[PDB]
Structures are given as C-alpha cells and as structure tokens.
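Only one chain is included here, represented as structure tokens and corresponding to the form deposited in one PDB entry.
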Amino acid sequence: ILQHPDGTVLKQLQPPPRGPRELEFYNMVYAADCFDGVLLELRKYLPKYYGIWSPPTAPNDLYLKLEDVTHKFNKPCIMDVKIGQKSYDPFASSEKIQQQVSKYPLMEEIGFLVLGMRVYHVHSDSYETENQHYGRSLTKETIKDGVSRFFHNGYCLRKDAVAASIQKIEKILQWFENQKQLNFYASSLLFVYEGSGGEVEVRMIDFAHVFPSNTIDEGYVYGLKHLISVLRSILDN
C-alpha cells in the first residue's frame, strides 16, 4: 500500500493469479456500464476505484489506484480484519488449504482474523501498532480483548467508534444477505476511526480471492455476525 498525497493509495497487483483477479474484480464492480443493483450497492462499501495505474515509464508495473479511506482523518486509527471461515478459495490445492488453515487454524471457529492495527494514543501523542502475529495469537478466550485493544486510546474505550462500527458492518452484512453471485475469501474489512470526532469508516478490501457463486457467502456472513457479536459485547465493558 503506497499512500499518495492526493488522497489515494496505490496497491500493487499481487503475482498471478491473485493480482489479475483483483484487477478484474474492481473492473467488474466499477464497470461504467454496470446496471447490476447488487454491484452498484457494493461500490458504497469498497474504496473508490480510479482504474489500473502504471508508472509513465513502466507499463509493466501494475497498480490499483484506490481511495485512501484514512485521508479525511487527522489521527486515523486503523484495523484490518480478514473475514470468513476459510481464507483459501474454492480452487486451492490440498497443500494450499493447509498453508492457509495453518496460518490461523481458528478461522473456521472465529470467522475473522485481525491482520493488524494502528492505534493512536492521546496521552503519548503516538501510535501503537500490532502486526499479523497479534491477531493470529488470539483465541476464543482472548478475541474480545484482542479487538477491544483497537478502541482503547490509552485513557478510554471508544464505545462510540465500536457502536459506529457495528452500524456500518450491519449495512455490509445486509448487502451479503441480499446477494448470491460473489463469494469472498481472504478479503478484509478496514476499520478507521478518528483518534485525535465521530467519523468512522468500515470498508471492504483485498479481492484477490473473490469468485462467482450461486450461494450465500455463508463463511463471510458467519464472520461478520461473529465480529458484530464481539463488538456488541465490548459495548458492555
């Protein structure tokens, strides 16, 4: 993720087939001739897409130019949460499935995985960051506290941002409960709230493993519902 002063991020296409699939996902959703109500609604929950971008002198080098969802924040607090029971896709080999399940064997049980967070602390005027190993450490016993950490600014628990997050996730959940044409594996929700101020963003990202489907995305829904339940329990802290 390259953050550009103009309010965008550049995301480099991952190696094939992942990068190409993500490009084609954005292209389908943001097709200027799209009249599919499901895809038109989905746009609300993605970063705005500004098309494929390559350096003037390097057409080999493929990026997605995307909206920087954090741009309108002063001190953005950022959490990336992978959603679903499976982070392997329907065409994974047995080895690929193990690779993926072994990354976090609780994925089936919990339905989400914190990929990281960046949390502004007011008292120190500083950020604390958690990496992939944080979320992968979390168990049924510690997931609630693990998520809570995102909404603690070193003085209070930001229950406003928690409530706002539930409300925005609910709209995404509603989108998933009214579509049976896409299934999303290893995709994430990006949570942003203002650390320095009620603004909150919850957007879907990471579409290297979105596939056509004829079913509800039950794994994604499970994850959304479990994540909401956790956030809801945090409101009782």
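Numbers follow the displayed sequence, beginning with 1.
Not on display, but discussed next: the form deposited with a small molecule bound.
Visitor: Can you work out which of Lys140, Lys72, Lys96, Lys159 has a heavy atom no more than 4.5 Å from the small molecule in the deposited complex?
Guide: The residue from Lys140, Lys72, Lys96, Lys159 that makes the contact is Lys96.
Visitor: Considering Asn153, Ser148, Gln85, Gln100, which brings a non-hydrogen atom within 4.5 Å of the small molecule in the deposited complex?
Guide: Going through each option in turn, the one that passes is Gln100.
Visitor: Counting heavy atoms only and using a 4.5 Å cut-off, do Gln132, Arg136 and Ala186 all touch the small molecule in the deposited complex?
Guide: Yes: each residue has a heavy atom within 4.5 Å of the partner.
Visitor: Give a yes or no for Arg18: in the deposited complex, does one of its heavy atoms lie within 4.5 Å of a heavy atom belonging to the small molecule?
Guide: Result yes; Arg18 sits at the interface with the small molecule in the deposited complex.
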